[PDB]
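One structure is given here, and the rest of the page talks about it.
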Amino acid sequence: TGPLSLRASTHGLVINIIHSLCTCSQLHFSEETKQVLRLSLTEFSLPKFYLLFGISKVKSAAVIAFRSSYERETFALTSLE
Amino acid sequence: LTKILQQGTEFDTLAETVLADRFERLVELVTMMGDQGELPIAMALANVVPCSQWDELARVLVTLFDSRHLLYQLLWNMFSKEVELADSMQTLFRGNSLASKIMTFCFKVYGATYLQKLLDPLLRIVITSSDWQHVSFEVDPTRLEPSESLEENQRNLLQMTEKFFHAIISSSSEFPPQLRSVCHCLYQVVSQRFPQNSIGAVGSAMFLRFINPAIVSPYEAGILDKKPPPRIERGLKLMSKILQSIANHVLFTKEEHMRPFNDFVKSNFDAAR
């Protein structure tokens, strides 16, 4: 929902959430759990999840998350599933 | 530089690979642990090393056996020596010895995050609330100024003690697994040593070398970025003394002003246990 910047920011939010979820000593997770989270981070990095998140044609979400410093597509509920 | 740095093991020199293999063989040389007996290299280095390097030895040992996942057995051997080298239950591990240096380094490297997360809210209560309250903390009648009241300071100190202690008892659930393994390794060999208050010596050492040093010196721990006012410092020293007396399962004797606090100390014996 919203322009390109907010959608890219949402994607970066999801990536940072998983990244901080695996790289912190507070939770003291198991090893296999860290393996499946590491797999999940890779699968969210895929272009398929870019198209799920509404960001298309953009190579790097992190670049256009800050692009001002330096709605046409419809939304389908199966992607939300 | 990244793609160069993760290139692999085909581009390194013969000298580099020979050096790596020789280093690895030396690391394996230490970590060979024979059946039914303690590890030989550690037994040699425990009894050979001069005192000036002792702590440094402890450090590299803690860096080694943990990375080989064998830290439990190293601690087992060290404590297995220390339990017979020390006789009195009070004198166990309190003196300067290699067991003390190793467990001190273990506390410092492992429980820093847990200690900081436990300690900063009880600090922040003192930083703002009791600071504008400016509750005094002098309990020695000779050190008491005439303007201050003895009983009010004692009540403030008491309430502060139950707040800190109940915070720790609440955070009983939260420990890193490695620190718990260290405590278990200590407890098993201590129970082998004596059948009386095997848990008690564990608790006394636990408050002695981990908990109370942060309480006396919060600024030195790095948890508090500023030096606190000296009244708070004196009060925190009193916290450390009273909690140590709780851990020792014995009440104050010399301090008459601590005698009313002995009832609260002996009241919390079973919960601490």
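Labels for the structure tokens follow display order: chains A, B, ..., residues from 1 in each chain, ligands from 1.
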Requested in this report: Using only C-alpha atoms, determine which residues of chain A fall within 10 Å of chain B; present them as an MDAnalysis selection string.
Outcome: chainID A and resid 25:28
Restrict the selected residues to N, CA, C and O atoms and save them as a PDB file, in the first residue's frame.
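The result, stored in part33.pdb:
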```pdb
ATOM      1  N   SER A  25      21.986 -12.593  20.679  1.00  0.00           N
ATOM      2  CA  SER A  25      22.260 -13.582  21.708  1.00  0.00           C
ATOM      3  C   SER A  25      21.204 -13.605  22.797  1.00  0.00           C
ATOM      4  O   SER A  25      21.270 -14.459  23.688  1.00  0.00           O
ATOM      5  N   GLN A  26      20.239 -12.690  22.746  1.00  0.00           N
ATOM      6  CA  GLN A  26      19.225 -12.622  23.788  1.00  0.00           C
ATOM      7  C   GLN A  26      18.282 -13.810  23.712  1.00  0.00           C
ATOM      8  O   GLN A  26      17.903 -14.381  24.740  1.00  0.00           O
ATOM      9  N   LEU A  27      17.898 -14.199  22.500  1.00  0.00           N
ATOM     10  CA  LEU A  27      16.891 -15.238  22.347  1.00  0.00           C
ATOM     11  C   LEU A  27      17.471 -16.628  22.563  1.00  0.00           C
ATOM     12  O   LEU A  27      16.742 -17.541  22.965  1.00  0.00           O
ATOM     13  N   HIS A  28      18.782 -16.787  22.325  1.00  0.00           N
ATOM     14  CA  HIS A  28      19.523 -18.061  22.395  1.00  0.00           C
ATOM     15  C   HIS A  28      18.759 -19.228  21.757  1.00  0.00           C
ATOM     16  O   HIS A  28      18.407 -20.211  22.410  1.00  0.00           O
TER      17      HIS A  28
END
```
Query raised in the report: Separation of atom CA of residue 163 of chain B and atom CA of residue 122 of chain B, in Å?
Result: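 For atom CA of residue 163 of chain B relative to atom CA of residue 122 of chain B, the distance reads 7.6 Å.
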Query raised in the report: Out of B:236, B:42, B:190, B:169, which residue has the shortest atom-to-atom distance to residue 271 of chain B when counting only C-alpha atoms?
Result: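 Comparing B:236, B:42, B:190, B:169 against residue 271 of chain B, the winner is B:169.
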Requested in this report: Tell me which protein, DNA and RNA residues are within 8 Å of residue 5 of chain A, counting only C-alpha atoms, leaving out same-chain ones fewer than 5 positions away, and put them as a list in words.
Outcome: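 That gives residues 64, 65, 66 and 67 of chain A.
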